[PDB]
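Chain by chain, the residues run as shown.
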Amino acid sequence: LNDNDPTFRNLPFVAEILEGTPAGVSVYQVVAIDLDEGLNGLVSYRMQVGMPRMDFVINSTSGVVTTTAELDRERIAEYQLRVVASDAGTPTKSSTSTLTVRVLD
Ligand SMILES: [Ca+2]
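As summarised from the PDB record, the model derives from X-ray crystallography at a stated resolution of 1.976 Å.

So, about the pattern of salt bridges. One pass over the structure, following the stated rule, counts three salt bridges. We note a salt bridge from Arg-75 to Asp-55, for which the minimum N-O separation is 2.7 Å. Of the two residues, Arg-75 is situated in the loop between strand 7 (64–67) and strand 8 (78–86) and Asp-55 in the loop between strand 5 (44–47) and strand 6 (56–58); the sequence distance between them amounts to 20 residues. Judged by its relative accessible area of 43%, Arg-75 falls in the partly exposed class. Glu-78 is the salt-bridge partner of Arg-102, the closest N and O atoms lying 3.0 Å from each other. Pair noted here: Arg-102 is in strand 9 (residues 94–104) and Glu-78 is in strand 8, with a separation of 24 residues, a long-range link. When its relative accessible area of 38% is taken as the criterion, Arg-102 is described as partly exposed.

This brings us to unusual backbone geometry. Note the cis peptide between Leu-11 and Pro-12, where omega equals 5°. Considering the arrangement of structural elements, one finds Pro-12 in the loop between strand 1 (7–8) and strand 2 (13–18).

One open sheet accounts for four strands, arranged 2-9-8-5; its pairing is mixed. Of all strands in the sheet, those bounded by a partner on one side alone are strand 2 and strand 5. Sheet twist, expressed as the average angle between the axes of neighbouring strands with direction ignored, equals 30°. Of the strand pairs in this sheet, strand 2 and strand 9 are connected by six bridges, and their pairing is parallel.

All right, on to the packing of aromatic side chains then. Per the counting criterion, the structure on display carries two aromatic pairs. Judged by centre distance (4.8 Å) and plane angle (80°), the rings of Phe-56 and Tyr-79 are edge-to-face. Linking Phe-56 in strand 6 with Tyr-79 in strand 8, this pair joins segments that are 23 residues apart in sequence. Residues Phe-56 and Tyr-79 agree in their burial class; the two are buried.

We now examine the nonpolar core. Of all hydrophobic cores here, the largest spans 22 residues; its most connected members are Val-30, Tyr-45, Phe-56, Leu-81, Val-83 and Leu-99. Contributions of two or more residues to this core are made by strand 2, strand 5, strand 6, strand 8 and strand 9. With four residues, strand 8 is the single largest residue contributor to this core.

A separate point is the pairing of strand 9. Where strand 8 lies against strand 9, nine bridges are found, and the strand directions are antiparallel. Bridge assignment links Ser-86 to a residue of strand 9, and that residue is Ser-94.

A separate point is the environment of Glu-37. Here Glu-37 shows up in the loop between strand 4 (32–33) and strand 5. Note: C-alpha distance between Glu-37 and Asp-3 (34 residues apart in sequence) is 9.5 Å.

How each quantity is defined
- The numbering scheme restarts from 1 for each chain and tracks the written sequence of that chain rather than necessarily the entry's numbering. Residues without coordinates are not displayed.
- Hydrogen atoms and water are omitted, and side-chain values are computed over all heavy atoms in the structure.
- Whenever a carboxyl oxygen of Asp or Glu lies within 4 Å of a side-chain nitrogen of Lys or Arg, that contact is scored as a salt bridge.
- By the criteria applied, helices consist of DSSP H or I runs no shorter than four residues and strands consist of E runs no shorter than two, each listed in order from the N terminus.
- Residue burial is assigned from relative accessible area. The probe radius is 1.4 Å, only protein chains are included, and a residue is buried under 20% of its type maximum, exposed over 50%, and partly exposed in between.
- Any two strands with at least two DSSP-identified bridges between them are counted as paired.
- Between N-to-C directions, angles span 0 to 180 degrees; the directions come from axes that are lines fitted to C-alpha atoms, helices contributing only their stretch in contact.
- Paired rings are identified among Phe, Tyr and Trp, the last through its six-membered ring, by centres lying within 6.5 Å, and are further divided according to the angle between planes into stacked (under 30 degrees), edge-to-face (over 60) and tilted (the rest).
- Put simply, buried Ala, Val, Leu, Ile, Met, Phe, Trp, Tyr and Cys residues joined by side-chain atoms within 4.5 Å make one nonpolar core.

Now the structure itself:
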């Protein structure tokens, strides 16, 4: 059955990114691994907050994180992006860790 929750290999992480970094920049690629077999160890990625106006998206397959707007320290200085890594197990197992982004002046 579904023994193992996915385990993050590269979260938590604090990224510093220069303000003026435009929309459409892939800033990171999250990796979580699941020891379980087949469907029980196929990992998918989402943000914890379903909020549709975030300045970052994560691709559910690749775990690639991309800007959706120009970063501006005067607008948001720090993002704590909670990433959920889930397996496709019949009971779904998941882990959450934070990609923190600090916008440098
Ligand atoms: Ca699993």
